[PDB]
file work_27.txt (compact mmCIF, C-alpha atoms and all ligand atoms)
# COMPACT_ATOMS: atom_id res chain seq x y z
CA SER R 13 127.63 115.63 96.61
CA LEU R 14 126.39 115.94 93.05
CA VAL R 15 122.92 114.34 93.08
CA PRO R 16 119.93 115.69 95.02
CA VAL R 17 118.85 113.92 98.19
CA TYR R 18 115.28 112.59 97.93
CA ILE R 19 113.70 112.07 101.36
CA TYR R 20 111.67 108.88 101.03
CA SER R 21 110.69 105.53 102.48
CA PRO R 22 107.55 103.45 101.88
CA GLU R 23 106.86 103.74 105.60
CA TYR R 24 107.15 107.54 105.47
CA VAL R 25 104.78 107.77 102.51
CA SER R 26 102.21 105.50 104.21
CA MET R 27 102.43 107.66 107.34
CA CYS R 28 102.03 110.89 105.30
CA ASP R 29 98.88 109.50 103.70
CA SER R 30 97.59 107.93 106.91
CA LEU R 31 95.27 110.74 108.06
CA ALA R 32 93.39 110.86 104.74
CA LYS R 33 92.70 114.61 104.60
CA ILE R 34 94.44 115.00 101.29
CA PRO R 35 94.06 111.23 100.72
CA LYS R 36 96.89 109.39 98.91
CA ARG R 37 98.68 112.63 97.98
CA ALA R 38 102.13 111.49 99.13
CA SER R 39 101.74 108.16 97.37
CA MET R 40 100.55 109.85 94.14
CA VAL R 41 103.47 112.29 94.21
CA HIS R 42 106.05 109.56 94.77
CA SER R 43 104.43 107.16 92.30
CA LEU R 44 104.53 109.71 89.46
CA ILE R 45 108.14 110.62 90.28
CA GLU R 46 108.88 106.87 90.25
CA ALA R 47 106.87 106.39 87.03
CA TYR R 48 109.22 108.87 85.33
CA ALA R 49 112.18 107.05 86.95
CA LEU R 50 113.46 110.26 88.57
CA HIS R 51 114.24 108.45 91.83
CA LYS R 52 117.01 106.56 89.98
CA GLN R 53 118.80 109.88 89.50
CA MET R 54 118.64 110.82 93.19
CA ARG R 55 120.18 109.78 96.52
CA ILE R 56 117.25 108.21 98.35
CA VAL R 57 117.53 108.97 102.07
CA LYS R 58 115.31 107.36 104.70
CA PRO R 59 113.96 110.02 107.06
CA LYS R 60 114.41 109.81 110.81
CA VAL R 61 111.59 110.58 113.26
CA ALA R 62 112.07 113.85 115.15
CA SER R 63 112.90 113.43 118.85
CA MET R 64 111.05 115.40 121.52
CA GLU R 65 114.11 117.65 121.90
CA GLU R 66 114.24 118.34 118.18
CA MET R 67 110.55 119.26 118.07
CA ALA R 68 111.04 121.38 121.19
CA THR R 69 113.58 123.61 119.36
CA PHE R 70 110.49 125.50 118.20
CA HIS R 71 107.35 124.12 119.79
CA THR R 72 106.59 124.54 123.51
CA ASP R 73 106.72 121.54 125.86
CA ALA R 74 103.10 122.21 126.81
CA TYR R 75 101.97 121.97 123.16
CA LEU R 76 104.05 118.87 122.36
CA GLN R 77 102.84 117.14 125.54
CA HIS R 78 99.20 117.90 124.73
CA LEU R 79 99.64 116.65 121.16
CA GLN R 80 101.30 113.54 122.55
CA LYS R 81 98.46 113.00 125.08
CA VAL R 82 95.51 113.30 122.64
CA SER R 83 97.46 111.03 120.30
CA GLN R 84 97.49 108.05 122.73
CA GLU R 85 93.78 107.30 122.21
CA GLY R 86 91.37 109.00 119.83
CA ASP R 87 90.33 111.74 122.29
CA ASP R 89 87.36 116.29 123.05
CA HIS R 90 90.14 117.21 125.49
CA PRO R 91 89.21 120.44 127.34
CA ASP R 92 92.58 121.96 126.39
CA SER R 93 92.38 121.07 122.65
CA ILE R 94 90.92 124.38 121.37
CA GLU R 95 93.70 126.27 123.18
CA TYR R 96 96.17 124.24 121.12
CA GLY R 97 94.41 124.69 117.77
CA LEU R 98 93.04 121.16 117.53
CA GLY R 99 89.54 119.89 116.75
CA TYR R 100 88.60 121.41 113.39
CA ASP R 101 91.14 121.50 110.52
CA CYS R 102 93.50 119.62 112.84
CA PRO R 103 91.57 116.80 114.53
CA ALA R 104 93.19 114.98 117.46
CA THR R 105 93.41 111.56 115.76
CA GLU R 106 95.35 108.25 116.13
CA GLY R 107 99.12 108.53 116.14
CA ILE R 108 98.77 112.21 115.22
CA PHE R 109 101.92 112.82 117.26
CA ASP R 110 103.79 110.16 115.34
CA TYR R 111 102.59 111.70 112.09
CA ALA R 112 103.81 115.13 113.16
CA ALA R 113 107.15 113.75 114.35
CA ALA R 114 107.60 111.86 111.10
CA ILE R 115 107.08 115.00 108.99
CA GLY R 116 109.19 117.13 111.33
CA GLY R 117 111.90 114.47 111.27
CA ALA R 118 111.95 114.21 107.50
CA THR R 119 112.65 117.92 107.09
CA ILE R 120 115.35 117.81 109.80
CA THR R 121 116.91 114.84 108.00
CA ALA R 122 117.01 116.80 104.75
CA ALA R 123 118.59 119.73 106.58
CA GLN R 124 121.18 117.45 108.18
CA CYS R 125 122.04 116.09 104.72
CA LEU R 126 122.75 119.63 103.57
CA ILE R 127 124.87 120.37 106.65
CA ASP R 128 126.97 117.24 106.13
CA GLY R 129 127.63 118.22 102.52
CA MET R 130 125.93 115.04 101.26
CA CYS R 131 124.17 117.14 98.61
CA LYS R 132 123.43 120.71 97.53
CA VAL R 133 119.66 120.08 97.20
CA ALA R 134 117.51 117.92 99.50
CA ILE R 135 113.83 117.33 98.79
CA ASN R 136 110.96 116.58 101.19
CA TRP R 137 107.75 116.95 99.18
CA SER R 138 105.71 115.95 102.23
CA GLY R 139 106.94 118.88 104.31
CA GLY R 140 106.17 122.60 104.15
CA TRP R 141 103.63 122.93 106.97
CA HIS R 142 104.20 126.64 107.32
CA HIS R 143 101.22 127.80 109.43
CA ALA R 144 101.92 125.96 112.69
CA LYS R 145 102.90 128.12 115.68
CA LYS R 146 105.15 127.37 118.64
CA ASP R 147 102.15 126.48 120.81
CA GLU R 148 99.27 125.87 118.41
CA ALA R 149 98.31 123.90 115.32
CA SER R 150 97.02 126.16 112.54
CA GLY R 151 95.77 125.87 108.96
CA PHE R 152 96.06 122.07 108.76
CA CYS R 153 99.60 122.29 110.22
CA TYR R 154 100.26 120.35 113.44
CA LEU R 155 103.95 121.08 113.52
CA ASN R 156 106.14 123.56 111.66
CA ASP R 157 108.68 121.43 109.87
CA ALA R 158 109.97 124.42 107.88
CA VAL R 159 110.95 126.15 111.13
CA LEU R 160 112.44 122.92 112.43
CA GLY R 161 114.48 122.62 109.22
CA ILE R 162 115.70 126.22 109.40
CA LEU R 163 116.68 125.79 113.08
CA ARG R 164 118.68 122.70 112.13
CA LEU R 165 120.41 124.66 109.32
CA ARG R 166 121.30 127.35 111.88
CA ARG R 167 123.80 124.89 113.38
CA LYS R 168 126.03 125.71 110.41
CA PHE R 169 124.65 128.63 108.40
CA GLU R 170 124.68 132.20 109.70
CA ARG R 171 122.14 133.56 107.25
CA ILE R 172 119.21 131.53 105.95
CA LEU R 173 116.69 132.64 103.33
CA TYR R 174 113.22 131.10 103.49
CA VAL R 175 111.21 131.50 100.27
CA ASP R 176 107.53 130.63 100.37
CA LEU R 177 105.70 130.27 97.03
CA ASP R 178 102.61 128.61 98.52
CA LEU R 179 99.29 130.40 97.74
CA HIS R 180 99.02 131.33 101.44
CA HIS R 181 101.19 133.66 103.56
CA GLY R 182 103.81 131.58 105.43
CA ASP R 183 102.87 133.33 108.64
CA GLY R 184 104.14 130.57 110.95
CA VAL R 185 107.70 130.60 109.66
CA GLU R 186 107.75 134.39 109.34
CA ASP R 187 106.51 134.85 112.93
CA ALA R 188 109.13 132.41 114.26
CA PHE R 189 111.91 134.55 112.74
CA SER R 190 110.34 138.02 112.69
CA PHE R 191 112.66 139.30 115.44
CA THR R 192 115.94 138.12 113.96
CA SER R 193 118.18 139.10 111.06
CA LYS R 194 119.71 135.60 110.88
CA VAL R 195 116.68 134.40 108.91
CA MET R 196 114.98 136.37 106.17
CA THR R 197 111.54 135.17 105.07
CA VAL R 198 110.05 136.02 101.68
CA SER R 199 106.44 135.10 100.94
CA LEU R 200 104.54 135.60 97.68
CA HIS R 201 100.90 134.90 98.46
CA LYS R 202 97.32 135.87 97.77
CA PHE R 203 96.40 138.76 100.09
CA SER R 204 92.78 139.82 100.30
CA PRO R 205 90.44 140.68 103.19
CA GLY R 206 88.85 137.45 104.38
CA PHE R 207 91.55 135.30 102.76
CA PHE R 208 93.56 133.05 105.10
CA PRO R 209 95.49 133.77 107.16
CA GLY R 210 94.87 137.51 106.78
CA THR R 211 98.45 138.63 107.37
CA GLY R 212 101.39 139.48 105.11
CA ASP R 213 100.70 142.87 103.53
CA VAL R 214 103.78 144.53 101.96
CA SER R 215 104.03 146.69 105.11
CA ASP R 216 104.74 143.52 107.13
CA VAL R 217 108.54 143.84 107.39
CA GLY R 218 109.47 142.20 110.70
CA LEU R 219 110.09 143.62 114.18
CA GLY R 220 112.98 144.84 116.34
CA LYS R 221 116.30 143.41 115.13
CA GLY R 222 114.35 141.51 112.45
CA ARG R 223 112.91 144.65 110.93
CA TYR R 224 113.19 144.59 107.13
CA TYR R 225 114.11 140.90 107.30
CA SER R 226 110.52 139.88 106.49
CA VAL R 227 109.47 140.43 102.89
CA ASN R 228 105.88 140.05 101.76
CA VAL R 229 104.47 140.22 98.24
CA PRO R 230 100.66 140.51 98.32
CA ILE R 231 99.16 139.29 95.02
CA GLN R 232 95.55 139.13 93.67
CA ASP R 233 93.50 136.40 91.98
CA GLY R 234 94.35 135.13 88.52
CA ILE R 235 98.11 135.71 88.24
CA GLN R 236 99.82 133.63 85.52
CA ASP R 237 103.36 132.33 84.86
CA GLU R 238 105.03 135.36 83.19
CA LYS R 239 103.86 138.07 85.61
CA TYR R 240 104.54 135.83 88.62
CA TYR R 241 108.09 135.07 87.47
CA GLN R 242 108.73 138.77 86.79
CA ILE R 243 107.68 139.62 90.34
CA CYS R 244 109.51 136.68 91.90
CA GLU R 245 112.73 137.32 90.01
CA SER R 246 112.70 141.06 90.81
CA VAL R 247 112.33 140.40 94.53
CA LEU R 248 114.81 137.52 94.72
CA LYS R 249 117.48 139.46 92.81
CA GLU R 250 117.28 142.24 95.41
CA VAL R 251 116.99 139.87 98.37
CA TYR R 252 120.06 137.99 97.18
CA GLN R 253 122.11 141.19 96.81
CA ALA R 254 121.00 142.66 100.13
CA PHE R 255 121.04 139.53 102.27
CA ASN R 256 123.69 137.19 100.78
CA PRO R 257 122.04 134.00 102.07
CA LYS R 258 124.22 131.02 102.92
CA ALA R 259 121.39 128.50 102.70
CA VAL R 260 117.86 128.45 101.29
CA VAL R 261 114.64 126.76 102.40
CA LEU R 262 112.11 126.81 99.60
CA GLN R 263 108.41 125.98 100.07
CA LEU R 264 106.59 125.11 96.85
CA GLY R 265 102.95 124.59 97.83
CA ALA R 266 101.06 123.70 94.62
CA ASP R 267 97.81 125.45 95.53
CA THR R 268 98.72 128.30 93.20
CA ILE R 269 98.35 125.94 90.25
CA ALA R 270 95.33 126.24 87.88
CA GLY R 271 92.62 123.70 88.71
CA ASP R 272 93.27 123.79 92.46
CA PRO R 273 90.08 123.94 94.58
CA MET R 274 91.34 127.24 96.10
CA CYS R 275 90.69 128.67 92.63
CA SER R 276 92.77 131.80 93.23
CA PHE R 277 96.05 131.91 91.31
CA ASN R 278 96.30 130.56 87.73
CA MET R 279 99.91 129.31 87.63
CA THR R 280 101.38 126.26 85.90
CA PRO R 281 104.34 124.26 87.16
CA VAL R 282 106.49 125.82 84.39
CA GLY R 283 106.27 129.28 85.96
CA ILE R 284 107.07 127.96 89.44
CA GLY R 285 109.86 126.00 87.76
CA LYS R 286 111.41 129.24 86.49
CA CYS R 287 111.46 130.64 90.04
CA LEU R 288 113.03 127.41 91.22
CA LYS R 289 115.63 127.59 88.42
CA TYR R 290 116.52 131.10 89.54
CA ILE R 291 117.12 129.98 93.13
CA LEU R 292 119.08 126.87 92.02
CA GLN R 293 121.57 129.05 90.11
CA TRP R 294 122.80 130.60 93.38
CA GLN R 295 124.33 127.17 94.00
CA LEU R 296 123.58 127.25 97.74
CA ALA R 297 122.48 124.49 100.08
CA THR R 298 118.78 124.31 99.29
CA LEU R 299 116.02 122.50 101.17
CA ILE R 300 112.95 121.86 98.99
CA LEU R 301 109.54 121.47 100.65
CA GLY R 302 105.99 120.98 99.36
CA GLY R 303 102.93 122.45 101.07
CA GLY R 304 99.35 123.01 100.00
CA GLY R 305 97.92 121.49 96.83
CA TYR R 306 94.39 120.16 96.85
CA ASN R 307 94.02 118.92 93.28
CA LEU R 308 95.89 115.64 93.79
CA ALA R 309 96.85 114.86 90.20
CA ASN R 310 97.89 118.46 89.51
CA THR R 311 99.97 118.59 92.67
CA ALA R 312 101.72 115.37 91.70
CA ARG R 313 102.16 116.82 88.18
CA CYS R 314 103.69 119.94 89.67
CA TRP R 315 106.15 118.38 92.10
CA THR R 316 107.16 115.75 89.54
CA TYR R 317 107.86 118.44 86.94
CA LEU R 318 109.84 120.45 89.52
CA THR R 319 111.89 117.37 90.43
CA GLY R 320 112.69 117.18 86.72
CA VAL R 321 113.76 120.83 86.84
CA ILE R 322 116.06 120.05 89.78
CA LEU R 323 117.57 117.11 87.87
CA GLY R 324 117.85 119.07 84.61
CA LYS R 325 115.64 116.59 82.79
CA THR R 326 112.89 117.06 80.22
CA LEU R 327 109.94 114.75 80.99
CA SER R 328 107.66 113.17 78.43
CA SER R 329 104.28 114.91 78.12
CA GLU R 330 102.41 111.63 78.44
CA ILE R 331 101.71 110.48 81.99
CA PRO R 332 103.44 107.05 82.21
CA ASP R 333 101.30 104.02 82.93
CA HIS R 334 101.38 103.60 86.73
CA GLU R 335 99.19 102.98 89.79
CA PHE R 336 97.24 106.24 89.54
CA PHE R 337 97.18 106.75 85.78
CA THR R 338 93.36 106.91 85.84
CA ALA R 339 93.47 110.08 88.01
CA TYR R 340 95.10 112.12 85.25
CA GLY R 341 92.00 112.85 83.18
CA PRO R 342 90.82 114.13 80.95
CA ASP R 343 94.02 114.66 78.95
CA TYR R 344 96.46 112.35 80.78
CA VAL R 345 99.36 114.69 80.03
CA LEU R 346 101.85 116.36 82.40
CA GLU R 347 101.22 119.93 81.23
CA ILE R 348 98.58 122.04 82.94
CA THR R 349 96.40 124.49 81.03
CA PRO R 350 95.62 127.82 82.76
CA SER R 351 91.93 128.49 83.50
CA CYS R 352 90.10 131.05 81.34
CA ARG R 353 89.58 133.71 84.00
CA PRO R 354 91.09 137.19 84.38
CA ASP R 355 94.27 138.32 86.05
CA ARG R 356 93.07 140.78 88.73
CA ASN R 357 96.53 142.23 89.32
CA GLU R 358 96.95 145.87 88.33
CA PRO R 359 100.45 146.28 86.85
CA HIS R 360 100.96 149.62 88.63
CA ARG R 361 99.93 148.17 91.99
CA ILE R 362 102.46 145.35 91.51
CA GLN R 363 105.15 147.87 90.62
CA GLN R 364 104.40 149.96 93.72
CA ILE R 365 104.74 146.85 95.86
CA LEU R 366 108.08 146.02 94.24
CA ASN R 367 109.27 149.60 94.85
CA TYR R 368 108.24 149.44 98.50
CA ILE R 369 110.18 146.18 98.84
CA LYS R 370 113.24 147.60 97.07
CA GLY R 371 113.08 150.47 99.57
CA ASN R 372 112.84 148.10 102.53
CA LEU R 373 115.78 145.99 101.35
CA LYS R 374 118.16 148.98 101.38
CA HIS R 375 117.98 148.93 105.17
CA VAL R 376 119.28 145.34 105.10
CA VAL R 377 122.94 145.62 106.15
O1 LIG G 401 97.08 125.03 102.19
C1 LIG G 401 96.95 125.92 103.07
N1 LIG G 401 98.09 126.74 103.50
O2 LIG G 401 99.32 126.63 103.12
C2 LIG G 401 95.60 126.29 103.67
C3 LIG G 401 94.37 126.11 103.03
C4 LIG G 401 93.17 126.53 103.67
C5 LIG G 401 93.22 127.09 104.95
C6 LIG G 401 92.01 127.64 105.67
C7 LIG G 401 91.33 128.61 104.92
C8 LIG G 401 90.24 129.28 105.44
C9 LIG G 401 89.81 129.01 106.74
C10 LIG G 401 90.51 128.04 107.52
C11 LIG G 401 90.04 127.79 108.85
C12 LIG G 401 90.69 126.86 109.65
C13 LIG G 401 91.80 126.18 109.15
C14 LIG G 401 92.26 126.42 107.84
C15 LIG G 401 91.60 127.37 107.02
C16 LIG G 401 94.46 127.30 105.56
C17 LIG G 401 95.64 126.90 104.94
K K G 402 103.58 131.99 100.16
ZN ZN G 403 98.48 127.00 100.92
call {"tool": "encode", "arguments": {"input": "work_27.txt", "output": "structure tokens"}}
result
Amino acid sequence: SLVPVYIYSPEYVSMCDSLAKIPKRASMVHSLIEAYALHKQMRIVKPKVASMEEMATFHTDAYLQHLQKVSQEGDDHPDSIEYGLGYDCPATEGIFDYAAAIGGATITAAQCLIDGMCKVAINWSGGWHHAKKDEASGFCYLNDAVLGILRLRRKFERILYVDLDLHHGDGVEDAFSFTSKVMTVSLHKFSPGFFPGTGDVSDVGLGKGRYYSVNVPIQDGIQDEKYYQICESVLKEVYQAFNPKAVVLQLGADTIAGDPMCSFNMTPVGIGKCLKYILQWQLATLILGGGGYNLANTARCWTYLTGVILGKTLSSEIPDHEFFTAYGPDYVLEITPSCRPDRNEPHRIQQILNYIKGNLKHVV
């Protein structure tokens, strides 16, 4: 029960890379982790494929059946737009098998936590937080985070979902916005015209779930210190108010300097501090990836974070391995922040934190 579970198989990695949208990302992430020999220090668990019934715990039968149908051949289906397919989510080959593989991997991790096999279980290929019950959205065919949380609900009465991806985790928040059993906390860029457009600090959930959604809207250019100060302030209060029994943590690396999104200016060290703070609660914790469009930097980030989970210090030099040539121009693990300004006004941040502190008092 001591060592983290690492969700992995060569078949799963090949499947995760098989669509080539973020080409070879899963292989690069695993290969760097392997290059640093971190997998030796972890319990490698082969993921299972999600069954129809498991996927149906969140997604509608109509959506799953459509996804399954357009997956048989290539397939332009008249119903595809209704289901969010055709643009960011093309209806490709075994798209359904891809979705079920990713959904299954996160469920497997969750089941490992339930069975007490580990206290931390990692699926770096999961974290597809935008998908809705009946619609693909924002590159997400299926919401594995929701599927993971719903699996955890078999055992845990209160689950905290923390989303540190650059984007608002609207899909997970919406799934649980009416219930107090799951609190969702998203730190994200929030700006008119920036996807997905939701998640202002006034977004607090609905009905019985009111005040169980927490949103921290942040502006371009935030760096490690300020981000950690915000994240720690919110998590300290969320922990006190909500007393979570299990945590699902999404760590999308599109906040990291050098990402094409070019919005936040974080390094993996700052995200690592937030992760450290969550790890100290010593709860069952399900670790997911997410966005991250600079491949080398994303691998850098999730590898570093795996080190944080294992309590290891990694060498600064990127080890010789399959993708060593992608790590230019410095070929080191550290990431240097970009020279552009932090657009966050300290008093605006403080007002947001106060508003959140106020909301969390209602949590009972
Ligand atoms: O990593 C991401 N989230 O975690 C992500 C990145 C970019 C976009 C995204 C941004 C803007 C417009 C879009 C229009 C259609 C589909 C996706 C869009 C959506 C999500
Ligand atoms: K987020
Ligand atoms: Zn994102």
call {"tool": "residues_near_ligand", "arguments": {"input": "work_27.txt", "ligand": "ligand ZN 403 (chain G)", "cutoff": "6 Å", "atoms": "only C-alpha atoms and all ligand atoms", "output": "PyMOL selection string"}}
result
chain R and resi 178-180+265+267+304
call {"tool": "residues_near_ligand", "arguments": {"input": "work_27.txt", "ligand": "ligand K 402 (chain G)", "cutoff": "7 Å", "atoms": "only C-alpha atoms and all ligand atoms", "output": "list in words"}}
result
residues 176, 177, 178, 179, 180, 181, 182, 199, 200 and 201 of chain R
call {"tool": "write_last_selection", "arguments": {"input": "work_27.txt", "atoms": "C-alpha atoms", "output": "mmCIF file, in the coordinates of the input"}}
result
data_model
loop_
_atom_site.group_PDB
_atom_site.id
_atom_site.type_symbol
_atom_site.label_atom_id
_atom_site.label_comp_id
_atom_site.auth_asym_id
_atom_site.auth_seq_id
_atom_site.Cartn_x
_atom_site.Cartn_y
_atom_site.Cartn_z
ATOM 1 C CA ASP R 176 107.530 130.630 100.370
ATOM 2 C CA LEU R 177 105.700 130.270 97.030
ATOM 3 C CA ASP R 178 102.610 128.610 98.520
ATOM 4 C CA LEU R 179 99.290 130.400 97.740
ATOM 5 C CA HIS R 180 99.020 131.330 101.440
ATOM 6 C CA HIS R 181 101.190 133.660 103.560
ATOM 7 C CA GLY R 182 103.810 131.580 105.430
ATOM 8 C CA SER R 199 106.440 135.100 100.940
ATOM 9 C CA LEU R 200 104.540 135.600 97.680
ATOM 10 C CA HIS R 201 100.900 134.900 98.460
#
call {"tool": "residues_near_ligand", "arguments": {"input": "work_27.txt", "ligand": "ligand LIG 401 (chain G)", "cutoff": "9 Å", "atoms": "all atoms listed in the file", "output": "JSON, numbers by chain"}}
result
{"R": [100, 101, 102, 140, 141, 142, 143, 150, 151, 152, 153, 178, 179, 180, 181, 182, 206, 207, 208, 209, 265, 266, 267, 274, 303, 304, 305, 306]}
call {"tool": "atom_distance", "arguments": {"input": "work_27.txt", "atom1": "atom CA of residue 22 of chain R", "atom2": "atom CA of residue 124 of chain R"}}
result
20.5 Å
call {"tool": "closest_residue", "arguments": {"input": "work_27.txt", "among": "R:351, R:256, R:190, R:215", "to": "residue 233 of chain R", "atoms": "all atoms listed in the file"}}
result
R:351
call {"tool": "atom_distance", "arguments": {"input": "work_27.txt", "atom1": "atom CA of residue 363 of chain R", "atom2": "atom CA of residue 218 of chain R"}}
result
21.3 Å
call {"tool": "residues_near_point", "arguments": {"input": "work_27.txt", "point": "(94.7, 104.3, 121.4)", "cutoff": "10 Å", "atoms": "all atoms listed in the file", "output": "JSON list (two decimals) with C-alpha atoms, in the coordinates of the input"}}
result
[["chain", "number", "residue", "atom", "x", "y", "z"],
["R", 82, "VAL", "CA", 95.51, 113.30, 122.64],
["R", 83, "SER", "CA", 97.46, 111.03, 120.30],
["R", 84, "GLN", "CA", 97.49, 108.05, 122.73],
["R", 85, "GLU", "CA", 93.78, 107.30, 122.21],
["R", 86, "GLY", "CA", 91.37, 109.00, 119.83],
["R", 87, "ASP", "CA", 90.33, 111.74, 122.29],
["R", 105, "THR", "CA", 93.41, 111.56, 115.76],
["R", 106, "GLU", "CA", 95.35, 108.25, 116.13],
["R", 107, "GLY", "CA", 99.12, 108.53, 116.14]]
call {"tool": "residues_around", "arguments": {"input": "work_27.txt", "residues": "residue 234 of chain R", "least_positions_apart": "3", "cutoff": "7 Å", "atoms": "all atoms listed in the file", "output": "PyMOL selection string"}}
result
chain R and resi 276-278+353-356
call {"tool": "closest_residue", "arguments": {"input": "work_27.txt", "among": "R:79, R:103, R:259, R:167", "to": "residue 32 of chain R", "atoms": "all atoms listed in the file"}}
result
R:103
call {"tool": "closest_residue", "arguments": {"input": "work_27.txt", "among": "R:335, R:254, R:297, R:287", "to": "residue 377 of chain R", "atoms": "all atoms listed in the file"}}
result
R:254
call {"tool": "closest_residue", "arguments": {"input": "work_27.txt", "among": "R:98, R:247, R:370, R:258", "to": "residue 168 of chain R", "atoms": "only C-alpha atoms"}}
result
R:258
call {"tool": "residues_near_point", "arguments": {"input": "work_27.txt", "point": "(109.9, 107.4, 101.9)", "cutoff": "12 Å", "atoms": "all atoms listed in the file", "output": "PyMOL selection string"}}
result
chain R and resi 17-29+38-39+41-43+46+51+55-61+114-115+117-118+121+135-138
call {"tool": "residues_around", "arguments": {"input": "work_27.txt", "residues": "residue 253 of chain R", "least_positions_apart": "5", "cutoff": "10 Å", "atoms": "all atoms listed in the file", "output": "ChimeraX atom specification"}}
result
/R:248,373-374,376
call {"tool": "atom_distance", "arguments": {"input": "work_27.txt", "atom1": "atom CA of residue 260 of chain R", "atom2": "atom CA of residue 235 of chain R"}}
result
24.8 Å
call {"tool": "build_atoms", "arguments": {"input": "work_27.txt", "residues": "segment 196-212 of chain R", "atoms": "N, CA and C atoms", "output": "short mmCIF file (atom, residue, chain, number, x, y, z; two decimals), keeping the file's coordinate frame"}}
result
data_model
loop_
_atom_site.label_atom_id
_atom_site.label_comp_id
_atom_site.auth_asym_id
_atom_site.auth_seq_id
_atom_site.Cartn_x
_atom_site.Cartn_y
_atom_site.Cartn_z
N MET R 196 115.89 135.53 106.93
CA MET R 196 114.98 136.37 106.17
C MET R 196 113.92 135.47 105.56
N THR R 197 112.67 135.91 105.64
CA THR R 197 111.54 135.17 105.07
C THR R 197 110.93 136.01 103.96
N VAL R 198 110.58 135.35 102.85
CA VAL R 198 110.05 136.02 101.68
C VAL R 198 108.84 135.22 101.24
N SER R 199 107.66 135.83 101.31
CA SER R 199 106.44 135.10 100.94
C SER R 199 105.73 135.84 99.81
N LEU R 200 105.45 135.13 98.72
CA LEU R 200 104.54 135.60 97.68
C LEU R 200 103.26 134.84 97.94
N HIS R 201 102.14 135.54 98.02
CA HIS R 201 100.90 134.90 98.46
C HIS R 201 99.71 135.74 98.06
N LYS R 202 98.55 135.10 97.94
CA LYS R 202 97.32 135.87 97.77
C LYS R 202 97.08 136.65 99.07
N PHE R 203 96.74 137.93 98.93
CA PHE R 203 96.40 138.76 100.09
C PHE R 203 95.15 139.55 99.78
N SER R 204 94.11 139.29 100.56
CA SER R 204 92.78 139.82 100.30
C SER R 204 91.96 139.70 101.58
N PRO R 205 91.19 140.75 101.92
CA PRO R 205 90.44 140.68 103.19
C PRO R 205 89.47 139.49 103.23
N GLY R 206 89.65 138.66 104.24
CA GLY R 206 88.85 137.45 104.38
C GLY R 206 89.58 136.23 103.88
N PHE R 207 90.75 136.42 103.26
CA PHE R 207 91.55 135.30 102.76
C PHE R 207 92.63 134.87 103.77
N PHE R 208 92.69 133.58 104.05
CA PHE R 208 93.56 133.05 105.10
C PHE R 208 95.04 133.21 104.76
N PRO R 209 95.87 133.52 105.76
CA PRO R 209 95.49 133.77 107.16
C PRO R 209 95.21 135.23 107.50
N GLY R 210 95.22 136.12 106.52
CA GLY R 210 94.87 137.51 106.78
C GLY R 210 96.06 138.44 106.97
N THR R 211 97.24 137.86 107.14
CA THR R 211 98.45 138.63 107.37
C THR R 211 99.32 138.67 106.11
N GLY R 212 100.40 139.45 106.17
CA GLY R 212 101.39 139.48 105.11
C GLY R 212 101.19 140.56 104.06
#
